[PDB]
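Asks: Mind folding the following:
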Amino acid sequence: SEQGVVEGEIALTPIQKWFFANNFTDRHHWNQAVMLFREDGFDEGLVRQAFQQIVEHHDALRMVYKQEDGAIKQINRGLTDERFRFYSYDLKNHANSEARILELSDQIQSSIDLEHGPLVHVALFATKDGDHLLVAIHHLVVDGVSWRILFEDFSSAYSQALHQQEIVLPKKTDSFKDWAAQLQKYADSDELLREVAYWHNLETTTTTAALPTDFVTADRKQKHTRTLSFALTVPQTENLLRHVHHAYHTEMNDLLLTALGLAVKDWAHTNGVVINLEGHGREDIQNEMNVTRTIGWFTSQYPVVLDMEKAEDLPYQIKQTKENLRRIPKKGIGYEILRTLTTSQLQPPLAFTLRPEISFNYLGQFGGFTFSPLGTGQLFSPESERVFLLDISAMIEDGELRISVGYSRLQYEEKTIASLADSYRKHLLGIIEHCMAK
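Replies: Residues are numbered from 1 along each chain as shown. Now the structure:
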């Protein structure tokens, strides 16, 4: 892994190709953001010095996207242009802090220039009760794991800055340019060709059953998106984290998907649902690649087929799903590589016919700052089109496993969604109390 400054054109990864093929409205407004807080406040001269080193260290944050001849070309720029856009607000005397911060946050969320950059927007909101720091980055160069690297490096860069040290960050891992270059070689490799029989077997043995909606609409705009969330108590979560795993020796994704399949069964009255599960995507694509400290959009999407044939036997149900995901090779990273990067007609005719309507994503459990209670503002454009009928996220914060279901109000009433969420909880509690008795 080189430690210099990476420049030049990079190839579009499958998750990047999937973003452009959707043809979103205002595709420049499609970000991920976090809002930080510090009671004693931030120093803007130190925040700028930290981000000046972060964007120089992580070369993927200097990316721009050009639409020449209709095709899209992403170039990793050098240290010649601006590395980030900064916003400074002095709201120490203002009346309403939340309504003013949220209003300014949304404007910063929608002002990302994709062709000329920069893709990183940093906003500092100074109030009478501390300083709020908003960090909004376009989703094309960041994902969940990349944000954990950001929290580590920024907390270290800001620490070295106040101690009047020259900011020294850990050694660079493989660049995002090297990953995408190796991704095409692994795409045309023969190890990936050994997966075609599995994905082809999956696409032919499944029976599609459309999920019921309260209403039918052709308006998939993001402005109609609402979220219904439920959380578990911190004794229920630690039981799920420390006392229920090694009875079946499962992982987090096994128990969360088992209770999800039974929830859809008690809610939509089905026995088979195809879920669009998302993985970290930092798997072994040969060449001994290392992307532990690499920031980028590595998200891998692949359909998972849940079976609710016999929901009475919960022991048989958990073992059914646990062994269902073990059958998947390399965490499904090879699925969309086969439909976006592979340059050969695969000997078994793979058609990619599975169209999942539910998306699942487990973000994981979430040291110098603190996270602000304020929101980040609208992350997508209000005119942006919805891709999935239901977006189900899962994260652990403050010792509480908190599930969130995203839906459109033009398709579901909040009561229909609340039934699926209450059915999802009555199975999560049933699993932890069943796995703790074993």
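Asks: Now do the strands in the stretch 251-400 of the chain.
Replies: Under the criterion DSSP state E, counting those that start in this stretch, the stretch 251-400 of the chain contains strands at 272-279, 300-307, 358-365, 370-371, 390-397, 400-408.
Asks: Show me what the fifth one is packed against.
Replies: Packing partners of strand 390-397 (3 or more CB pairs under 8 Å, 6 or more residues apart in numbering; DSSP states H and E): strand 358-365, strand 400-408. All C-beta atoms are positioned from the backbone trio N, CA, C, and that covers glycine.
Asks: what's the closest non-adjacent residue to the residue lying farthest from the centre of the chain?
Replies: Distance from the C-alpha centroid of the chain, by CA atoms, centre = their mean, peaks at residue 93 (36.7 Å). Counting by CB to CB, 6 or more residues apart in numbering, residue 128 is the residue found nearest to residue 93 once chain neighbours are left out, at 7.6 Å.
Asks: What separation do you get for the residue farthest from the centre of the chain and residue 37?
Replies: Residue 93 sits 19 Å away from residue 37, going by CB to CB, to the nearest Å.
Asks: on that earlier part again, state whether the residue nearest to residue 93 and residue 90 are indeed in contact, as I suppose.
Replies: No. Contact criterion CB atoms under 8 Å: residue 128 and residue 90 do not qualify, at 10.7 Å.
Asks: now the helix ranked longest in the chain against strand 400-408, angle please.
Replies: If each helix of the chain is counted by residues according to DSSP state H, the longest one is helix 414-435. Relative orientation of helix 414-435 and strand 400-408, computed by axes from the mean of the first three to the mean of the last three CA atoms, to 10 degrees: 150 degrees.
Asks: which outside residues touch helix 414-435?
Replies: Helix 414-435 has contacts (CB atoms under 8 Å, 6 or more residues apart in numbering) with 214, 226, 228, 230, 232, 236, 239-240, 243-244, 247-248, 255-256, 258-260, 262-264, 266-268, 314-315, 318, 401, 403, 405, 407.
Asks: Alpha carbons of the helix or strand containing residue 134, as CSV, please.
Replies: Following DSSP states H and E, one finds residue 134 within strand 130-138. Extracted C-alpha coordinates of strand 130-138, given in CSV (Å, rounded to 0.1, in the frame of the first residue of the first chain):
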residue,chain,number,x,y,z
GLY,A,130,-21.7,24.3,23.3
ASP,A,131,-20.7,23.9,19.7
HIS,A,132,-22.4,21.6,17.1
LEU,A,133,-20.3,20.2,14.2
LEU,A,134,-22.1,18.9,11.1
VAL,A,135,-20.1,16.7,8.7
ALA,A,136,-22.1,15.8,5.5
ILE,A,137,-20.4,13.7,2.8
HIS,A,138,-21.9,12.4,-0.5
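Asks: how about the helices in the protein?
Replies: Here the chain has its helices, by DSSP H, at 14-21, 44-57, 97-109, 144-162, 176-187, 196-204, 234-242, 245-248, 252-268, 314-326, 334-340, 414-435.
Asks: Out of the ones you listed, which gets nearest to residue 387?
Replies: Shortest distance between residue 387 and the helices of the chain, using CB to CB, is found for helix 14-21: 9.0 Å.
Asks: Show me what counts as buried in that closest one.
Replies: Going by neighbour count (16 or more other CB atoms under 10 Å), the buried part of helix 14-21 is 14-20.
Asks: Kindly report the same for stretch 294-312.
Replies: Quick answer for stretch 294-312 (16+ other CB under 10 Å): 294-306, 308, 311.
Asks: So residue 53 is in contact with residue 158, correct?
Replies: No. Residue 53 is not in contact with residue 158 according to CB under 8 Å; the separation is 10.2 Å.
Asks: For residue 133, list the residues it contacts.
Replies: 35-38, 42, 47, 122-125, 369, 372.
Asks: mind running it again at 7 Å?
Replies: 36, 42, 47, 124 (CB atoms under 7 Å, 6 or more residues apart in numbering).
Asks: Grab the nearest non-local neighbour of residue 57.
Replies: Closest to residue 57 by CB to CB, 6+ apart is residue 169, at 4.9 Å.
Asks: same check, this time on residue 299
Replies: Spatial nearest neighbour of residue 299, excluding adjacent residues (CB to CB, 6+ apart): residue 15 at 4.7 Å.
Asks: Provide a list of residues in contact with that neighbour.
Replies: For residue 15, the contacting residues are 297, 299-301, by CB under 7 Å, 6+ apart.
Asks: and residue 49, how far is that from residue 164?
Replies: Separation of residue 49 from residue 164 (CB to CB) stands at 11 Å.
Asks: And the two? Which one has more around it.
Replies: For residue 49 versus residue 164, the count of surrounding residues by other CB atoms under 10 Å is larger for residue 49: 18 against 6.
Asks: count of neighbours near the closest residue to that one other than its chain neighbours?
Replies: Distances taken as CB to CB, 6+ apart put residue 161 closest to residue 49, at 5.1 Å, once the chain neighbours are dropped. A total of 19 residues lie near residue 161 under the criterion other CB under 10 Å.
Asks: how far away is residue 161 from residue 214?
Replies: Taking CB to CB as the measure, residue 161 falls 53 Å from residue 214.
Asks: do the same with residue 403
Replies: Look at residue 403 and residue 214: by CB to CB, they are 21 Å apart.
Asks: Just want the phi and psi numbers for the closest residue to residue 226 other than its chain neighbours.
Replies: Distances taken as CB to CB, 6+ apart put residue 409 closest to residue 226, at 5.2 Å, once the chain neighbours are dropped. For residue 409, the backbone dihedrals are phi -70, psi -20 (criterion: degrees, to the nearest 10).
Asks: Against residue 281, how distant is residue 409?
Replies: For residue 409, the distance to residue 281 equals 32 Å [CB to CB].
Asks: Tell me which of those two has more neighbours.
Replies: Shown here are residue 409 and residue 281; by other CB under 10 Å, residue 281 has more neighbours (27 against 15).
Asks: My guess is that one contacts residue 299. True?
Replies: Yes. Using CB atoms under 7 Å, residue 281 is in contact with residue 299, at 5.5 Å.
Asks: quick revisit: return the member of the contacts of residue 15 nearest to residue 79.
Replies: Nearest to residue 79 among those, counting by CB to CB, is residue 297 at 21.8 Å.
Asks: For the closest one, give me its contacts.
Replies: If you count contacts by CB under 7 Å, 6+ apart, residue 297 has them with 13, 15-16, 139-143.
Asks: can we see that at 6 Å?
Replies: For residue 297, the contact set (CB atoms under 6 Å, 6 or more residues apart in numbering) comprises 15, 140, 143.
Asks: cool, and residue 187?
Replies: Listed by CB under 6 Å, 6+ apart, the contact set of residue 187 reads 337, 341-342.
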